[PDB]
Amino acid sequence: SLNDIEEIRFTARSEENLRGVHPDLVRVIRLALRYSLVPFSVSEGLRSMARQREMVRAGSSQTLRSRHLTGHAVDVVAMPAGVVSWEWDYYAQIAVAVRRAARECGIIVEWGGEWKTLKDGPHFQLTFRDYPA
Ligand SMILES: [Cl-]
Ligand SMILES: [Zn+2]
């Protein structure tokens, strides 16, 4: 399938799941697709209120307030060689690309890999300070 794909990027998959995300975050993530050594897609951009309610009920979020509800966050999924992986180092590499793209765009993007506790690689968001809601 991918033997002749000299540089693997999941552009189309990502752009589809970026629909409805804040345009400034979209711009950063699109640039990060160019820079990342690790292919990735956006597995979740906009999240419904019902999904967030389900997460609160189940205990995977404390609050119904989520940056995903308003367009201010994405969860990425690492796709090395077209295969999903959850291994940390892939997400650290994606975050290098996001950090570069963000800097170039003059936008701070917070990464879940730098949460104070329970670090998790997929999550990126625009800050509440810069992008209130
Ligand atoms: Cl930086
Ligand atoms: Zn997230």
Side-chain angles (χ1 to χ4, degrees):
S1 166
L2 305 188
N3 195 30
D4 302 341
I5 307 302
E6 282 252 356
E7 302 95 19
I8 297 166
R9 292 183 175 92
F10 288 88
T11 307
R13 199 175 295 192
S14 294
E15 293 180 349
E16 175 65 13
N17 280 124
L18 285 168
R19 291 177 179 273
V21 172
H22 191 290
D24 291 349
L25 187 54
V26 175
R27 181 145 58 78
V28 170
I29 301 296
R30 287 182 77 237
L31 189 51
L33 292 165
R34 307 313 311 181
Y35 301 155
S36 184
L37 272 289
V38 178
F40 73 95
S41 185
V42 172
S43 66
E44 187 174 26
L46 190 67
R47 179 180 290 160
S48 71
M49 195 177 264
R51 169 64 162 199
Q52 188 71 25
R53 177 175 303 109
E54 179 191 1
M55 289 170 62
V56 172
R57 283 167 170 167
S60 49
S61 179
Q62 283 201 142
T63 166
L64 198 62
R65 188 158 123 136
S66 169
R67 297 252 76 178
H68 284 274
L69 289 177
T70 54
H72 294 86
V74 296
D75 292 347
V76 302
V77 59
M79 302 294 291
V83 181
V84 168
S85 179
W86 302 106
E87 296 293 349
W88 167 262
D89 276 312
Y90 289 122
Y91 294 85
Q93 294 189 68
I94 296 160
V96 171
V98 174
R99 194 170 302 114
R100 174 180 166 190
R103 183 167 63 248
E104 288 174 2
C105 294
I107 297 163
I108 294 169
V109 174
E110 289 173 305
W111 177 42
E114 288 159 4
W115 286 335
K116 285 180 176 167
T117 60
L118 303 183
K119 290 168 171 61
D120 199 36
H123 181 88
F124 295 85
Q125 62 182 51
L126 302 172
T127 73
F128 280 108
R129 288 169 190 288
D130 298 326
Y131 289 90

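In what follows, residues are counted from 1 in the order of the sequence shown.
In this structure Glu16 satisfies the side chain to side chain contact (heavy atoms under 4.5 Å, CB included) test together with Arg19, sequence neighbours excluded. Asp120 pairs by the side chain to side chain contact (heavy atoms under 4.5 Å, CB included) definition with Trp115, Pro122, not counting sequence neighbours. Taking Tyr90 as the reference, nothing meets the side-chain hydrogen bond (donor to acceptor under 3.5 Å, both in side chains) condition, with sequence neighbours excluded. By the salt bridge (charged side-chain N to carboxylate O under 4.0 Å, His left out) test, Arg100 is found to be paired with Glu104, residues two or more places apart in sequence or in another chain being considered. Listed by chain and residue number, nothing satisfies the salt bridge (charged side-chain N to carboxylate O under 4.0 Å, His left out) test with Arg34 (two or more places apart in sequence, or in another chain). For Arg103, there are no salt bridge (charged side-chain N to carboxylate O under 4.0 Å, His left out) partners, not counting sequence neighbours. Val84 meets the side chain to side chain contact (heavy atoms under 4.5 Å, CB included) test with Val77, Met79, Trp86; sequence neighbours excluded. Listed by chain and number, the residues in a salt bridge (charged side-chain N to carboxylate O under 4.0 Å, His left out) with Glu87 amount to none (sequence neighbours excluded). Remark: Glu7 pairs with no residue by the side-chain hydrogen bond (donor to acceptor under 3.5 Å, both in side chains) rule, at least two apart or across chains. Taking the side-chain hydrogen bond (donor to acceptor under 3.5 Å, both in side chains) definition, one finds that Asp130 meets it with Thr127, sequence neighbours left out.
Among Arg9, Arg30, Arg27, the one residue that satisfies the salt bridge (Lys or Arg N to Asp or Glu O under 4.0 Å) test with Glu15 is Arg30.
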Show the atom names and distances, to 0.1 Å, of all donor-acceptor pairs under 3.5 Å that link a side chain in residues 51-58 to residues at least two apart or in another chain.
residue : atom : partner : partner atom : Å
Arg51   : NH1  : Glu54   : OE1          : 3.4
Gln52   : OE1  : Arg47   : NH1          : 2.8
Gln52   : NE2  : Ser61   : OG           : 3.3
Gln52   : NE2  : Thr63   : O            : 3.0

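Listed here is the closest heavy atom pair of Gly20 and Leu46: O-CD1, 4.5 Å. Closest approach of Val21 and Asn17 over heavy atoms only: CG2-O, 4.2 Å. Minimum heavy-atom separation, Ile8 to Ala81: CD1-CA, 4.2 Å.
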**Item:** Verdict with supporting geometry, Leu33 and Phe10, side-chain contact (heavy atoms from CB on, under 4.5 Å)
**Value:** CA-CA 8 Å; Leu33 292 165; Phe10 288 88; 5.6 Å; no
**Message:** Could you go through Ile29 and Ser14, starting from their C-alpha distance and side-chain angles, then the distance that decides it, and tell me whether this counts as side-chain contact (heavy atoms from CB on, under 4.5 Å)?
**Reply:** CA-CA 9 Å; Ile29 301 296; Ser14 294; 5.6 Å; no
**Request:** Check the pair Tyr131, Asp24 against side-chain contact (heavy atoms from CB on, under 4.5 Å), reporting the backbone distance first and the verdict last.
**Result:** CA-CA 10 Å; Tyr131 289 90; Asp24 291 349; 2.6 Å; yes
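Crowding of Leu69 atom CG: a count of heavy atoms from other residues, nucleotides or ligands under 6.0 Å exceeding 12. Annotation for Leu2: atom CG counts as buried by contact number, over 12 foreign heavy atoms lying within 6.0 Å. Within a 6.0 Å sphere centred on CD of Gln62, other residues, nucleotides and ligands contribute 12 heavy atoms or fewer.
Hydrophobic clustering keeps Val96 apart from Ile108 (ILVMFWY residues linked when any side-chain heavy atoms are closer than 4.5 Å, directly or through intermediates). Residues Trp111 and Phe128 fall into different hydrophobic clusters, defined by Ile, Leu, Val, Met, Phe, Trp and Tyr side chains chained together at heavy-atom separations under 4.5 Å.
Between atom CZ of residue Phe124 and atom CZ of residue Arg67 there is a gap of 15.5 Å, rounded to the nearest 0.5 Å. Taking OG from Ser43 and CZ from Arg13, the interatomic distance works out to 11.0 Å, rounded to the nearest 0.5 Å. Here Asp75 contributes atom CG and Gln125 contributes atom CD; the two are 10.0 Å apart, rounded to the nearest 0.5 Å. We find the CG-CE distance between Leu64 and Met49 to be 5.0 Å, quoted to the nearest 0.5 Å. Here CG of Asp89 is found 11.0 Å from CD1 of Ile94. Values are rounded to the nearest 0.5 Å. Of the inter-residue distances, the one linking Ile107 atom CD1 with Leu25 atom CG reads 8.0 Å to the nearest 0.5 angstrom.
Each ring-ring contact (aromatic ring centres under 6.0 Å, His included) pair with one or both residues in residues 31-83, not counting sequence neighbours, appears once here: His22-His72, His68-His123.
Between the side chain of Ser36 and the backbone N or O of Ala32, no donor-acceptor pair lies under 3.5 Å.
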